[PDB]
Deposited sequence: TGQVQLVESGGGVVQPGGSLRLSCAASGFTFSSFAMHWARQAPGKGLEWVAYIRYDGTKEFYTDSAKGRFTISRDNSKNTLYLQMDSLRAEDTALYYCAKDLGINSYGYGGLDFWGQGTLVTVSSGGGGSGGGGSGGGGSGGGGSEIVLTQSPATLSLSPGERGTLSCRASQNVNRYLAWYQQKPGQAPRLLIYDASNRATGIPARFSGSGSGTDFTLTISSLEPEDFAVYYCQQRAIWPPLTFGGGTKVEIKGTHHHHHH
């Protein structure tokens, strides 16, 4: 829908070896039809996928660092997602996003098509995607071109995301070429196999932001590129 909303809660400051239970109130879509993700962004770093739960709650996937410590669960009668976090460590400090999966009617699983604003967790002390350049200094009106190179064939299962300063990521392109609903046409995607490209035909001032590629060809884990920042010269 056009009223989709995700509101994370439960974060806070804990010491290593402590526990936290994250919750995400889902609104504006048929929660029980969609798989759900947890993702996280460590301070000053890029996007990382954490965990995935099937629509009916009968299958869960985890990144290796979360195996045996984090448990993703859901209550479809409360339209709520949970992330039980045990045995926390300093490297778990990050903003934690709940994200709705792109998959519906047997197509799209792996894409994170809507992100909440996130809840900060502070613990007080694989296919690889390479995005170049890390930074791109451009002027408003110029054509921006961002690159993603995968360590192996990801078919055409590459998505692109936009994170404006202070904001949750937004899905721009899925499966290489498919503009997501509501995304302006200045964003276009191309590529196949190992080499992929995002083109912003005429950069608008809001388009100056960090961009991330992501693959859903072979997972878990779902992997992101390092990100390309588009700055003003």
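- Missing from the model, by position in the deposited sequence, are residues 126-145, 254-261.
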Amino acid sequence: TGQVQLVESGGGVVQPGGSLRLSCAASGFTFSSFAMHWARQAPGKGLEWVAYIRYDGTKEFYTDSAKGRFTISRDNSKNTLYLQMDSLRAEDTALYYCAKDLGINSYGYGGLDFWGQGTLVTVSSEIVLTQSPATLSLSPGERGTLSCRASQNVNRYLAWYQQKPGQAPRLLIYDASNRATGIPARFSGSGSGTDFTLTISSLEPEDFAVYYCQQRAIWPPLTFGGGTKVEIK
From here on, numbers count along this sequence of modelled residues.
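- The mean Cα B-factor in the deposited entry runs higher for 194-202 than for the other of 169-177 and 194-202.
- Stretches compared: 98-106, 126-134. Higher mean C-alpha B-factor in the entry: 126-134.
- Per the PDB entry, 208 shows the highest C-alpha temperature factor of the residues 62, 38, 208, 29.
- Per the PDB record, residue ranking by Cα B-factor puts residue 92 in the middle third of the chain.
- Among the modelled residues of its chain, residue 74 has a C-alpha B-factor that falls in the middle third, as given in the PDB entry.
- In this PDB entry, the Cα temperature factor of residue 143 sits in the top third of its chain's modelled residues, the highest group.
- In the PDB entry, residue 23 places in the middle third of its chain by CA B-factor.
- Looking at the C-alpha B-factors along this chain, the one for residue 67 belongs to the middle third.
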